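Structure, as structure tokens:
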Amino acid sequence: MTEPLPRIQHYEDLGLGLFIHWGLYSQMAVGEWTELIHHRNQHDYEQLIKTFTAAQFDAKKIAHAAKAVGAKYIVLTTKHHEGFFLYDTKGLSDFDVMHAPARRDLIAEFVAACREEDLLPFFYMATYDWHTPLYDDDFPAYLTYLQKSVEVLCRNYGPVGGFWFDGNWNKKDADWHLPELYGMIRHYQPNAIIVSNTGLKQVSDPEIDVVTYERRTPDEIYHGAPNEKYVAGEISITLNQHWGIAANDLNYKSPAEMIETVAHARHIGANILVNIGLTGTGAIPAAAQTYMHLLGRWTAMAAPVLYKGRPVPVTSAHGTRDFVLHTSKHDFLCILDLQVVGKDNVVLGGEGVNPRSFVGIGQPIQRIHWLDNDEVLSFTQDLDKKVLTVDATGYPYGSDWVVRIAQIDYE
Amino acid sequence: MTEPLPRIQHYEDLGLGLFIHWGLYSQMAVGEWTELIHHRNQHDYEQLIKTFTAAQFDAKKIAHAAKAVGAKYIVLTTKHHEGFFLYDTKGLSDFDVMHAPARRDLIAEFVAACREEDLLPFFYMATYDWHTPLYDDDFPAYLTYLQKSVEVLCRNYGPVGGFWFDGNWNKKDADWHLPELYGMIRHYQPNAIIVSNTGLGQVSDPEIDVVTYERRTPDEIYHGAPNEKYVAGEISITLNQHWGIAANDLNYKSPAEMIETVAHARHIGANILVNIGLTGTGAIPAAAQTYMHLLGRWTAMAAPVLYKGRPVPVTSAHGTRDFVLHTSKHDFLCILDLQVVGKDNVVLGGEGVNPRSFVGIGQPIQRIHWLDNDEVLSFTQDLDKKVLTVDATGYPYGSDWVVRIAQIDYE
Amino acid sequence: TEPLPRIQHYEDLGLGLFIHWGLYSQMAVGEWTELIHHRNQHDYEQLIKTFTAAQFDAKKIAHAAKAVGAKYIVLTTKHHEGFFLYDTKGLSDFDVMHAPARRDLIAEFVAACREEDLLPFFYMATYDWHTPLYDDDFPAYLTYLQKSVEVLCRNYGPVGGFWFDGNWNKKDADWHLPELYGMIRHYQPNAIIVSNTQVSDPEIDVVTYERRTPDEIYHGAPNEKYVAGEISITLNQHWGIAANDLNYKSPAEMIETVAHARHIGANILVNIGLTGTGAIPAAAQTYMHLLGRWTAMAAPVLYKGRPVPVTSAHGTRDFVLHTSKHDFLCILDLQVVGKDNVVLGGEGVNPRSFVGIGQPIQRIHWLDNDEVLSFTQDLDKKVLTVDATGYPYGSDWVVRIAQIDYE
Amino acid sequence: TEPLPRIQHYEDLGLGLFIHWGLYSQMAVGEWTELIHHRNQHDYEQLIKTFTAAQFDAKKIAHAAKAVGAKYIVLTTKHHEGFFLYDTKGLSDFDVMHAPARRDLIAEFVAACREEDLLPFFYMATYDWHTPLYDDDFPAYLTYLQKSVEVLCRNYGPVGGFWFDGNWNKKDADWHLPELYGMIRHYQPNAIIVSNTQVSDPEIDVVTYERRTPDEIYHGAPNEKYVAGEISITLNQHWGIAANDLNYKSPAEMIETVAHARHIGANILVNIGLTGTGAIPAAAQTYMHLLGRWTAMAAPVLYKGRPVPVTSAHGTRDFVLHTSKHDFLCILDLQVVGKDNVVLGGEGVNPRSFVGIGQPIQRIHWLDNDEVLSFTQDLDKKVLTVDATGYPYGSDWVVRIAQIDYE
Ligand SMILES: C[C@@H]1O[C@@H](Oc2ccc([N+](=O)[O-])cc2)[C@@H](O)[C@H](O)[C@@H]1O
Ligand SMILES: C[C@@H]1O[C@@H](Oc2ccc([N+](=O)[O-])cc2)[C@@H](O)[C@H](O)[C@@H]1O
Ligand SMILES: C[C@@H]1O[C@@H](Oc2ccc([N+](=O)[O-])cc2)[C@@H](O)[C@H](O)[C@@H]1O
Ligand SMILES: C[C@@H]1O[C@@H](Oc2ccc([N+](=O)[O-])cc2)[C@@H](O)[C@H](O)[C@@H]1O
């Protein structure tokens, strides 16, 4: 029924963002929850402020890399559960980057770098806080502190792409005074996108614009009750098991799974964040760079559909995971489980005719071609039953796109 | 029945090797079979010799990286199907590195680098050759050329760890004169390990030491007919779908699958080779470096068992993929499918007691501990039925080893 | 909360037989045939003229239920087609008293159940294709539905329960459940009320669940009435008889589903569709006999066994049931034991572990043959490991059950 | 090489019934009971005294085979236990003439087969637990085995075939197959010789395969004799009757296995184990009735259909069979079609594709109900795509078959 507000339409066009976890935890490289889960002495853990130099943090390099990977926004942790702030809190707290050797407002560097690359800057903010005794001792006063921290971000950095709130789930029963928090954001940042990790329950507040979901969600996501405000959706993937850097977490997902995940998000009508954890001093680690390079080659190829493509009621035949995305000028077949083509005696698996069918395309087609190399595909249609069948040829030897995309040109 | 001859015994102790594909094909970055598969004009393809500078080939860097990853040998392509030689063929052919701008014997650099790191140098040699017309026109004379090219390798580089022969499968019916070829190797290099891609029912020549197998072979490999020479086994994994570099092959396996495959080779009684394809100019590509760093962290942890551990008739309980490796002083439980441990309300999957059982351990045990952190495991035994059950605790937050290894200390 | 007595008794029933029989049975193309095959209503309703019930024997049905180890039977008293298998005493002419059968089949059924010590349950469809009231005057339909249930509550003596199906057809409507269930409580205070569709009315006693539900079912909010649960399985794809539906489940899957219901804390109904004239088909008998062999073996745990917070090791589907005197290990994926050269899969030691048993054990034995199992315990971590020996050649129970005797 | 006439005839049989019946049947714990349960030989062999065959009716068995669509029957004439179901004419006292039955059961069987136009096949175990010759004087055992086969070749008229099982017990021994098979060829030149486990002797006509074999079977080296193939399925885990083996396969799996045999170019035997006294058990009758409905529907292709190099699209298990007049699409994983708001899974258009059909098609229709299917072709790439409509409510064939009529 209702259609997205302009700022939410713009959000859905972003498609892909980079999530960045960086805090004091990064110096230990054993996960962002280390303070709580490893039962550390608070006083000793908080001494990490003294070695927070940010000596290798280069916001320009990060924004350039985000642009190259095809991301259109970046979510940076401005304050995680540990409660340390990566920006100048202007007197709210001494546990911030201005009281660290770094002495730079990192958020200011980040916002300027994003603007130069035409990326939207988003601010992650943890609402469950392990630093301030207010959280357990005086929750109402905690709410004021949380709100003021958000307000500083709202008033000192120019227009903000969005806020990414995490952690109300810690006290599911409490009154978090969302009307006041969100209202303040609307007042200073009317165009900001408000994302919530615990947006659902029916949404947790009318001002929420986006709700997060499990990456494995099978079907098109929920957009709100009819006649209510349309709410977008977003999924997240981290490269291993942890969000902050974790040196001895070897359990990385394949680049292939990462590409399939990104494609999948688009298929169910969501944005996707791909997460990297910076080193203690703020560098992109070499492993993350590898994943970004590979994803970048895919998103460059997929550019005609990744941003504007939307789910459409077109299904694939029995036993395939193929799907279709719609833009106003074209449909795109996203085709999975292809193999590489050999020659003569050398059989790699992609060589035979490979009919892939779809149900729901009722218009006559002029031409279909692979985005990666412009090869024209042969096809048949039954317009009455709305059946399309293409011969989905395998990859040219030497290449393998994991999710291959064919563009349909209508008559 | 028979046991390995000493060179073979030493070979099985190597455990892990690095496979390196580098040739003229590397300059195109569309796979090592590009000349045949892409139906290239030979003269045009072979012009790549003129730009083969090897400007970024540093054998010391490669040997260092192999050492860091825990490899004990390196197999370098000395001549692939394209038929170009990476060494000085001393007049046998003009299609060699001495006729390229590089003007350096790359095999000589490689052998010196290996020796300084205590790695065995192995020479891959393609027996199916696309360059010399002898191959199709005058097979007997081809055999002489092949043999002479191996003789140069046998006589000019000091003691060689081994030869890795690939391509007799191209003419399954021909007489390859293996006794003469292998006999010549035994003359000059008595201690060299001879590996064959299609060396297997019956082995293709008595002089073969190692035969290759698919990585997914489920059970302990075949060692030869009972009264006959024991032959070792080896599996291979490439990181994507290609052996030479392939810039638009995004279909990389996960680091986790790589670790599981290394453990699996050891479990079935084989060595494992992890393949990297160099850039046109001979650099290790950034993606391969990422995989090497991850594997290196695992093999450093697994060092007590990776080299000397051998299969043993001890099975795991129903529904697990766990297995056991034996050394003279210890058994090691290799345990898969573990999760990370959270704390209190924060549940990551690994926190409950996790009984993993094995059948075939008959001796009383004194202590069991994880290699990664020395945590002591609780266990129970039934000595009559030869049952061991351990509580396989999950990973400490911030880490995940994919295959976790517990050392058993017997009473 | 603790379940009301009648609900405790319900959970002890364990297994029931579901019986689908109506005019649809004469065509043997599924119970929804009238709607799904778009039949002419007038022509379909003529099936009343050939409804003889010539082979319906309520005593044979009760016998079959007893033999299979069922403790109750749910009979379709009126399905969506809207034909009543009992005397509606003037409410409708579309009932068995206007059919050639001329027998109140519900009265036969109730008597047959009581003689075998089974509880009789009445299925009633609330979505009705026969009366124009359903679409054209919903409030008056509610009165008709309620009256049809009132007859069942007032003409047969004490009744085991009612099984309501079809409120799902109008999810938004006011079904006036307080009045319907209030009337039931008035005449039948002890009847179990089951509903196919937070619970929809305080008077509901049991709620249905999909047979594949993975985890222990929901019993109500704390401080509220405890509600039981039930799953259902039909042998092929249809509930009424369907002659050319060859897609029968394996007997093994049937046994696994019965065990699974107990594991999640639910009863289970196994459905049979009678022939046009009311006979149990031969195919259904075969399933019953196989099931009967299993439930006879499982008798010490099938009725009183309850879920307990004891899990099985990684990679097994084994589970535990608790009675007040014993725990029982329900062990899946066993193979048959050969001899020497003949290896059938079950011969090696087969350690199966469980977490959550904290008491020292004296003895463990298979229910099927009394073989004593070896085991080890770690009482601190609450680990039990048994060597689950494979089946004796010539037998295979699908779900094998070991009884634990505590010290 | 083209197959020999008798082998061509064999491949046209398609489906046979396998029947296990011996002394073991009286104990109902599997046909290997004597060896696997380590029984006292003397005590086990006393079962001859209660072998009455009181319920064996060869005419009923032949009728049931005909009804299920089988074209031949393989009967165990002597299993490992070594008891003979026929008159061995002095070769052994451990035969049916020395049992209360006092009837040549093989003679009854052959006559019953002939009246129903079925080929009679004789299973003979070559691994024998009765005669001490087997372990103590193997060469003399071969003479005894050969003589026992000679009786079957000389006293019963033309024999459809022999089904030899058990050379696998001594893989290395010289079984003197030239002499055994040569003797069969002399007396029964037209008999099919089947061997259960390069072929072991030129005279073998059929070789057995695992039922799960994925690809078209091996027919012999080129320039050599063509050898046919056969797979077998038993209903539970045992071949002889086993009362407490509840681990039955689904009827659906049975149908899929029959279709599968044809797909790989093999015949299929479906096994039943008789009761001690020679009756078909009720459970087996249920499976036979279900299979019979499928084979009656599949009759146009079940006998003459042959594999052909036409493959199905990615992600389906569909396949094609060729006769000289038609191709047939065998389509799996279909669902039932509901109506309007009632969704059963089969209602959307369901494009199923095949590669390898190069000729223009006039019409395609389902064998079960004659519904005409819509389709498209790309003749250059040899692609056919059909809309494989789901089952009419009330039916489910498991493997549905569409006949192609070419222009
Ligand atoms: C993007 C992710 O967002 C939250 O994820 C959570 C937060 C809370 C719970 N929780 O309370 O279970 C689980 C995941 C963070 O806690 C996490 O570190 C990461 O930043
Ligand atoms: C390690 C690998 O070894 C061989 O792999 C082959 C060779 C032949 C076939 N073949 O004939 O199918 C397949 C893979 C090489 O061809 C390949 O380039 C690589 O070096
Ligand atoms: C036991 C069964 O009870 C209902 O089954 C249903 C009812 C509703 C749904 N539903 O709403 O999804 C599914 C199955 C009936 O529709 C069916 O005919 C049979 O009697
Ligand atoms: C038809 C069947 O024939 C054999 O089945 C076998 C025999 C040998 C093997 N084998 O050696 O693997 C497998 C099944 C018999 O063992 C069985 O009793 C039955 O009669």
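In each ligand, atom 1 is the first atom listed, and ligand 1 is the first ligand listed. Below, read A as the first sequence line, B as the second, and so on, with proteins coming before strands; counting in each chain starts at 1.
Note on ring orientation: taking the six-membered ring where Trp is involved, the planes of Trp32(D) and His80(D) are perpendicular (angle over 60°, cut-offs 30° and 60°). Relative orientation of the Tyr127(C) and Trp129(C) rings is perpendicular, given thresholds of 30° and 60° on the angle between their planes. Aromatic ring orientation, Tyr123(C) versus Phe18(C): tilted (interplanar angle from 30° to 60°). Below 30°, between 30° and 60°, or above 60°: for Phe121(C) and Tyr72(C) the angle between ring planes is between 30° and 60°, a tilted geometry.
At a 4.0 Å heavy-atom cut-off, ligand 4 touches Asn196(D) through the side chain alone. Heavy atoms of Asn197(A) found under 4.0 angstrom from ligand 1 belong exclusively to the side chain.
Residue contacts with ligand 3: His20(C) is placed with a nitrogen or oxygen under 3.5 Å of a nitrogen or oxygen of the ligand (distance criterion only). Residue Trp239(D) has no N or O atom closer than 3.5 Å to an N or O atom of ligand 4. Looking at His80(A) next to ligand 1, an N or O pair under 3.5 Å apart turns up. Between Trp164(A) and ligand 1, no N or O atom pair is found at a separation short of 3.5 Å.
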Exercise for the section: Could you please spell out the steps behind the ring pair (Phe, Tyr, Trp, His ring centres under 6.0 Å) verdict for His131(A) and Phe84(A)? Expected result: CA-CA 8 Å; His131(A) 172 66; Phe84(A) 169 75; 9.2 Å; no

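Shown here, atom 8 (C) of ligand 3 is in close reach of the protein: a heavy atom of it lies under 4.0 Å off. Within the 4.0 Å cut-off (strictly below), a protein heavy atom is located near atom 11 (O) of ligand 3.
Closest approach of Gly394(C) and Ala242(D) over heavy atoms only: O-CB, 3.6 Å.
For atom 14 (C) of ligand 1, the nearest non-hydrogen atom of the protein is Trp169(A) CZ2, 4.8 Å. When hydrogens are left out, the protein atom nearest atom 3 (O) of ligand 4 is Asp165(D) OD2, 3.0 Å; that is the closest non-hydrogen contact. From the protein, the heavy atom lying nearest to atom 16 (O) of ligand 4 is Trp32(D) NE1, 3.1 Å.
When the options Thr77(C), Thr208(C), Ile192(C), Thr76(C) are evaluated for a side chain to side chain contact (heavy atoms under 4.5 Å, CB included) with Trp163(C), the one that passes is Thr208(C). Each of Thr198(A), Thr127(A), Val195(A) was checked for a side chain to side chain contact (heavy atoms under 4.5 Å, CB included) with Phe165(A), and the lone residue meeting it is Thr127(A). The residue from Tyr25(A), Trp243(A), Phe85(A) that alone fulfils the side chain to side chain contact (heavy atoms under 4.5 Å, CB included) condition with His80(A) is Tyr25(A).
How far CG of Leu36(A) is from OG1 of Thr34(A): 9.5 Å, rounded to the nearest 0.5 Å.
For ligand 1 and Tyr124(A), the ligand atoms under 4.0 Å from any heavy atom of the residue are 15 (C), 20 (O). Residue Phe18(D) approaches ligand 4 through these ligand atoms, each under 4.0 Å from one of its heavy atoms: 1 (C). Counting the atoms of ligand 3 from 1 in the order shown, those under 4.0 Å from a heavy atom of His80(C) are 15 (C), 16 (O). Within the listing of ligand 3, atoms 17 (C), 18 (O) sit less than 4.0 angstrom from a heavy atom of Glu31(C).
Assignment of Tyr128(A) to the shell around ligand 1 is not supported, since no heavy atom sits closer than 4.0 Å.
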